[PDB]
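Okay, structure first, notes after.
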Amino acid sequence: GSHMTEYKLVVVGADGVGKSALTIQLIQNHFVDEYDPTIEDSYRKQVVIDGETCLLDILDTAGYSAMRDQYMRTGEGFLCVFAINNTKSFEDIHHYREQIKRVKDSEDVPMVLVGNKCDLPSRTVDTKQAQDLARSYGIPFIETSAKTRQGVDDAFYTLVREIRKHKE
Ligand SMILES: Nc1nc2c(ncn2[C@@H]2O[C@H](COP(=O)(O)OP(=O)(O)NP(=O)(O)O)[C@@H](O)[C@H]2O)c(=O)[nH]1
Ligand SMILES: [Mg+2]
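Count the sequence shown with PDB author numbering and you get residues -2 to 60, 64 to 168, in order.
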């Protein structure tokens, strides 16, 4: 074990749900207020998760996909993000999950369902409803806010834990 483990994480979900804001909060502890649409960006951070020192490589995606399928197939695990005030983004999750399964050609891909913007009033997606969908996929569910930092570390770390379960 002179080899440091590297985990390739990919963040997916509809446009505007907070994929970039989550990632930038994780890396630089900074909340981005401005909406700046992403094409494809990558980040890297060394962290300790359950006592294991590892390197996270994080691919932040856009919310015409020969190129997209390829960079998706590099991913070991996926954060599937929706915003709790955007019903359509929640409905889109099924489609992200199918896209992941298709490109990985696997029915068992490490994944975490993230409900973001939980600092905002007037949620349209209830906790129970998201919890139940996660249950039907057999994956964890976490409520997050890129603005307050609620759930940020826990979302990425939980996904690493799912990857470790997968590797056995
Ligand atoms: N209140 C609040 N606003 C958020 C949160 N997360 C993101 N936002 C806001 O939502 C907007 C879009 O966030 P951004 O991270 O760019 O979304 P994205 O999913 O990366 N968009 P794209 O798919 O185009 O790249 C920004 O104005 C940002 O400040 C959150 O947890 N709470
Ligand atoms: Mg973005």
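Backbone N, C-alpha and C define an ideal beta-carbon position, used for all residues, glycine too.
Notebook entry, point to check: At what residues does the beta strand (DSSP E) containing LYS147 begin and finish?
Noted result: Neither: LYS147 is in no beta strand (DSSP E) and is coded neither H nor E.
Note to self: Following a CB-centred definition, is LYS117 positioned closer than 8 Å to any heavy atom of ligand 1?
What the structure shows: Checking every heavy atom of ligand 1 against the Cβ of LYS117, one is found closer than 8 Å.
Notebook entry, point to check: Taking 8 Å as the cut-off, does the CB of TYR64 come closer than this to any heavy atom belonging to ligand 1?
Noted result: When distances are taken from the beta-carbon of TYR64 to the heavy atoms of ligand 1, even the shortest one reaches 8 Å or more.
Margin query: Using a Cβ-based criterion (distance less than 8 Å to any ligand heavy atom), does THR127 qualify as near ligand 1?
Written below: Checking the 8 Å criterion, the Cβ of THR127 is out of range of every heavy atom belonging to ligand 1.
Note to self: Can you tell me which residues form a DSSP beta bridge with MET111?
What the structure shows: DSSP output for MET111 lists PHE78 as bridge partner(s).
Check: Skipping 5 residues on each side, what residues in its chain have a beta carbon closer than 6 Å to that of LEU56?
Finding: Same-chain partners within the cutoff: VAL7 and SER39.
Margin query: For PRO140, count the other beta carbons within 10 Å of its own beta carbon; 16 or more makes it buried, fewer makes it exposed. Which is it?
Written below: It counts as buried.
Notebook entry, point to check: Where does the unbroken alpha helix (DSSP H) through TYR71 begin, and where does it stop?
Noted result: From DSSP, the alpha helix (DSSP H) with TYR71 extends over 66 to 73.
Next item on the list: Could you have a look at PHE90 and say whether DSSP puts it in helix, strand or coil?
Entry: Looking at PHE90 - three-state DSSP - the assignment turns out to be helix.
Notebook entry, point to check: Which residues are close to ligand 2, meaning CB closer than 5 Å to any heavy atom, in chain order?
Noted result: Qualifying residues, in the order they occur: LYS16, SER17 and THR35.
Next item on the list: Pick out whichever of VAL160, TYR157 and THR58 has its Cα sitting closest to the Cα of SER17.
Entry: Of the candidates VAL160, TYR157 and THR58, the one whose C-alpha sits nearest the C-alpha of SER17 is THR58.
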